[PDB]
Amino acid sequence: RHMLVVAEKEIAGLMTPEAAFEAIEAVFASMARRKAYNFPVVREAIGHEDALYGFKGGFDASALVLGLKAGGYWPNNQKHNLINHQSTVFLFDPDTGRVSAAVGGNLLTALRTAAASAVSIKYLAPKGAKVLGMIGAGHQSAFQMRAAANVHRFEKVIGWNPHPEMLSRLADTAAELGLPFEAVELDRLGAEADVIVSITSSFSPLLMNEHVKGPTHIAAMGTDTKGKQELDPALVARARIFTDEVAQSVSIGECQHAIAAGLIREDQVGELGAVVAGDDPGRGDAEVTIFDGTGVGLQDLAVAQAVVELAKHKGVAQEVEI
């Protein structure tokens, strides 16, 4: 009996935005139909090298995926010539309990996060969305724009960056996709962008309520810890809200600040997967929609189960006896 290992350097040549979209769109519908759930997250500051280490487990009864993503954040990894984020996904056989696969989760995390916002664009973007708005130009921004253009045909890409130095990262990605780009200010972005994808490590409201005008869908992907914030709580409180895990959205998600101040209800925080499964009308007659993407382990298990199938069909899945 052997287990499969898919090295990190193989993920780029195997995964695609289409393959990432299929896995995440499917795992959203399973969570809505209560065929899949996330385990309680373990998150520990081990008190050594300032590390944050933990596990994100889950089980998908619809796709028979069982396992976890283990790892975290090592801020001092520069001395090792390594990136700060280090994670690994372990898959187990749901029928027997044996380990089945082990895949690096660094690039997979960026792809499933980009695929998550792409699902919210497919099911919540306004009719005939013209301009794509990008708030932030970090490492994740290139994956977010590529996943957005893969699911919706855009005509213009406008972008704003809290740090104007790396504004060129959005322009290179927009030119890569064959779309024009224009660096705009935050007030003009909310008025022209029909779809807005924010992906910053911000601790204060960036996109204000008076900025957003007209039908607009917002993919709030930045806030994933207690304390972070990207949107004006007044802006969150006028939009129909969808998320991946309601418990995480009201605690460490973008909605954490509006539910605490009593600006929105907890029972009004919808599930994006409920729209994919057809149980939720979706955008409906709301002018502004917000997808509060917080990140769940089932997203990491779905794309990991996809790369192991693509790897062994390609011939790059390492067979290991264990």
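Each residue number is its position in the shown sequence, starting from 1.
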Practice task
May I ask you to compare 76-84 and 175-183 by their mean CA B factor in the entry and name the higher one?
Solution key: 175-183
Completion exercise
Per the PDB entry, mean CA B-factor is higher for 188-196 or 101-109, namely for 188-196
Practice task
Determine which member of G71, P94, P162, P233 has the highest CA B-factor, using the values in the deposited entry.
Solution key: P162
Exercise for the section: Would you mind checking which of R240, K122, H217, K127 has the top Cα temperature factor in the PDB entry? Expected result: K127
Problem - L167 - which third its CA temperature factor falls in, relative to the rest of the chain - result: highest
Fill in the blank from the handout: Chain thirds by Cα B factor, record data; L64 belongs to the lowest
Completion exercise
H257: C-alpha B-factor third of its chain, per the entry, is the middle
Fill in the blank from the handout: On the chain's distribution of Cα B-factors, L272 falls within the third called middle
Practice task
Taking the chain's C-alpha temperature factors as the reference, tell me which third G282 falls into: lowest, middle or highest.
Solution key: highest
